[PDB]
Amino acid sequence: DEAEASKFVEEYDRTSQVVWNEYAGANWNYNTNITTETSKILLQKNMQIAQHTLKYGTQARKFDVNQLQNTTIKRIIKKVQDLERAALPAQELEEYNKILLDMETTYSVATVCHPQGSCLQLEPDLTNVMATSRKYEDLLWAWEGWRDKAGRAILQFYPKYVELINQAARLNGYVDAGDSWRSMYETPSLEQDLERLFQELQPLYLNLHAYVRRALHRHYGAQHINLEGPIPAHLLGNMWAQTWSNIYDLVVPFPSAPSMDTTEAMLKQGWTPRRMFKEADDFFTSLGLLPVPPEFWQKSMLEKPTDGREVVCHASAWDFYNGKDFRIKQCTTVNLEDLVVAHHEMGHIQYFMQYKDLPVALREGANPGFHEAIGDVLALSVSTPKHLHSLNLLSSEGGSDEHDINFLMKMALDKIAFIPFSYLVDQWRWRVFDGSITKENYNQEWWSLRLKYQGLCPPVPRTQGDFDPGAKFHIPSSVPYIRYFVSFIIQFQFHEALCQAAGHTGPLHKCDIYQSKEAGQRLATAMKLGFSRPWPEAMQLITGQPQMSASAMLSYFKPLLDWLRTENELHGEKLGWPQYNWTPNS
């Protein structure tokens, strides 16, 4: 009985490595070379992997997991009973795979064109406009144009995508696809836990929002910013207003303590995409963690091709399921923002290497948030002014209270601003999946949440036919989002714990764990667990306790909360957006 189940897991593990490696190869070849031929091969490998999933999943379902004594085998077999899309009938499975490919291709090849002028891709062209233009109409052109071309083009697919992903979820024992996705956390209290964490971050976010709103009023004019209303969504330096640090120049707390232009410093010093990834690899090995293998450097795509290939630019990390071949695909630009992205992606690679010897079913993060958090933890140390000065990308900024508050503001514009964005994406999709948002009101309900959680309004009133969620990568690519909310909370818990393990004293935001072997050992022991244990065990190995908590993030930013409250009170700011119905008049 126990013996047949053990044998089954061994056979599943052997055969899964082969077929998933072939799938990953076809998927990579399409993502790095969008053509009719690579698309056709990819759809064929989709059917091959479904045949495997159906064979082994059907077997797994013949086991009564209740009667298995070994808890590791029990856990693997329970997981393999979920066929995901391979539960669908063949005709629906083919339709679903084609819909997914059509949606992700539509996003990745969309362009926005000037009349009898040039056509801009999202990366680098439109993202550069959003980051650097300080002209309301130019930002509006890029913001609206991207939604018109990418978002509107996904709408034709999304209702059928929803029907099919939900159908597969029901065939695997869930009530809808959002139930299935939430199950990855194995935490019955997930929704309440996330809401409580969101509420703890409100003082910081509301104060940041009011301060930034005032600064935008100063630059863009009183006729275009309502000091008691939501902020227009195209003014925050980022296409989705999900991180705001590119408008640091407009909001700097102490302009008499300026920072060196880090993009120009990186360019003058000869930085390249490969150098950026080499620096990330060096930070990981300084903690005693694993270097990426030589193969990574030969096979990764670390910059946009110049040879005519169309590619999926959106950065991502790839496991080829053979314990040897790991790769990053990123259209890297030489700037500080993308150095942080490089660390994020190298954190995924680290996790892949740490859990490579577990059974494939257990080769995941402790929960999806943990997978997202590893690289960001190291990037918190890289981002310190002390570390950036050691890279010759900032001047010496220490010993200055003004530089200290400036740094905390730079960090808040990304980390605090992202909290409400990362909360709302799957609040929307969970309600699409459970049927309480229909295609009649996709876009209206999206904007209701953008208002409620982020305090943003669209600069141009939306019209029927708009599908602004489709203009965000994870929606057409069907990548869950609450992982990023979880990550941004727990990365500060991990930073706090690793800094204490490294012997740091003083304010958390001054900590840099470079070269700490004690810090590396904490992370390594947790990552080696993969998905073999409930995630509170990995939380315990890193932090010494088992809960998710916003306390670390709040501690990191405490000096900035104090500064923001004093500043906002001086100016008479009304926190929030009680005039929540305000929208731009022109």
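Heads up: residue numbers just count along the shown sequence, starting at 1.
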### Task
Report the stretch with the higher mean CA temperature factor, choosing between 523 to 531 and 41 to 49 on the basis of the entry.
41 to 49
### Task
On mean C-alpha B-factor from the PDB entry, just flag whether 537 to 545 or 55 to 63 is the higher one.
55 to 63
### Task
Between 114, 147, 495, 510, let me know which has the highest C-alpha B-factor in the entry?
114
### Query
Among 360, 336, 412, 103, which residue carries the highest C-alpha B-factor recorded in the PDB entry?
360
### Query
Split the chain's modelled residues into thirds by Cα B-factor; is residue 553 in the lowest, middle or highest one?
lowest
### Summary
Among the modelled residues of its chain, the C-alpha B-factor of residue 125 falls in the third labelled highest
### Task
Tell me, lowest, middle or highest third: where does the Cα B factor of residue 187 rank within its chain?
lowest
### Message
Taking only the Cα B-factors deposited for this chain, tell me whether residue 216 sits in the lowest, middle or highest third.
### Response
lowest
### Task
Determine, from the deposited record, the chain-internal third of the Cα B-factor for residue 468: lowest, middle or highest.
lowest
